[PDB]
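The chain below stands alone and is given as structure tokens, in the form solved without the partner chain.
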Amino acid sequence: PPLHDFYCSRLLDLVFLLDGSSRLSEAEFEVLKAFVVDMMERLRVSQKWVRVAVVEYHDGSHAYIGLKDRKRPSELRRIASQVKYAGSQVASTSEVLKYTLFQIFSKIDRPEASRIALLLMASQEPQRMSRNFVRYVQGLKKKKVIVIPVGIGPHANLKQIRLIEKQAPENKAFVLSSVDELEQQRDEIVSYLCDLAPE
């Protein structure tokens, strides 16, 4: 039973991508996880309507929740709230986009629904890891996967946030001062990306 007044009841595959770099402290990574738990609280989770995936990315990625996982929305929300704090030196956006592209969406078995990748960025990956950044963002665009960059803090890769918002018309960027704005801007973000999914 929908916990809040907002209950996105659309056909959508929403992928939460969380920065696992030390650019976010252990406490700050908590607010972000809380932000994710909220969105899920304002979504209609189930293999039919909105499907969710939760990924913590560092130099590599750790998937806590995949789109096909069959579990109560409460369990999934519990899992996300228990995502272990990585704190790694690097959070490769390129690699986690590659994972989203070549694994999460290896095959597109739900064409009737919109595919969104919510990229919660808090850092800047080393330039040497970005060769295929555009290549992956472009690959994502061909499979109709929308990438919504959410910049968090003074270290988020603004250049990448910018480039992404460009590559595809639907890709819209959200820049924030800290993780304290996630909720100050939670409703707009949920409303926005819910209006991108079919009825």
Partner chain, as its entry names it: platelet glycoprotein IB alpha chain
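Numbering follows the first chain given and starts at 1.
The next section is about a form of this same protein that is not shown, the form solved in complex with the partner chain.
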Check your understanding: At the 4.5 Å heavy atom threshold, is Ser106 in contact with the partner chain in the deposited complex?
Key -> yes
Check your understanding: Wondering, does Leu11 line up within 4.5 Å of the partner chain in the deposited complex on heavy atoms?
Key -> yes
Review point. With the partner left out of view, is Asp59 within 4.5 angstroms of the partner chain in the deposited complex by any non-hydrogen atom?
Key: yes
Check your understanding: Going by a heavy atom distance of 4.5 Å, is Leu32 a contact of the partner chain in the deposited complex?
Key -> no
Point to revise | Residues within stretch 47-76 having a non-hydrogen atom within 4.5 Å of the partner chain in the deposited complex | key: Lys48, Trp49, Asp59, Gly60, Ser61, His62, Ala63, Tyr64, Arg70, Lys71
